[PDB]
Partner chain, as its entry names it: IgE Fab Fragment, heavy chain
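In the block that follows, a single chain appears as structure tokens, in the form deposited without the partner chain.
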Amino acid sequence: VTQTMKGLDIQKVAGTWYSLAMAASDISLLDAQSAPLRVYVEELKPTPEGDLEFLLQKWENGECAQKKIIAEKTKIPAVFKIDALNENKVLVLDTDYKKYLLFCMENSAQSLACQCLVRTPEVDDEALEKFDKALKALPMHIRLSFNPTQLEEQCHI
């Protein structure tokens, strides 16, 4: 992934989002309702100090659970770090702040998952074209997209 957002203003990504579409390098990362990177964005919350908190939904042990994760800032405005047992990165690819945002999460070995976020529960063909433009430069093997009904449900049921 060598497409980041030039001139990103992190504070302007704040608020409500919908995961309209998702893609990953490996089928198993997104294949089931409880696959490990089948995570749905609810809200992005930039911090005063410049870190990026994600509020997420995920299907975990037979139900739709909530969870807050903090991605810490780097010297590069469009790149954040979630460092657990591995060093993983969050990259903001492109946004216009008021309609869409593209991001990826990636490991450091090679393995990758990206999403098209939108501000409202509708299919934005334009935002989806920019997503597919970004993805043709990456080795994705599975792609999912959601309908407006699903987008208004918990865990996109």
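Residue numbers count along the first chain shown, from 1.
Unshown form solved in complex with the partner chain; subsequent notes refer to it.
- Highlighted residues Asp51, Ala71 and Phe103: none comes within 4.5 Å of the partner chain in the entry with it bound, counting any heavy atom.
- Although the partner is absent here, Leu8 lies well away from the partner chain in the entry with it bound, with no heavy atom inside 4.5 Å.
- Proximity of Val41 to the partner chain in the entry with it bound: non-hydrogen atoms within 4.5 Å are present.
- Interface membership of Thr47, defined by any non-hydrogen atom within 4.5 Å of the partner chain in the entry with it bound, is ruled out.
- In the entry with it bound, the residues of 125 to 157 lying within 4.5 Å of the partner chain by at least one heavy atom are, in order, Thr149, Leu151, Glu152, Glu153, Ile157.
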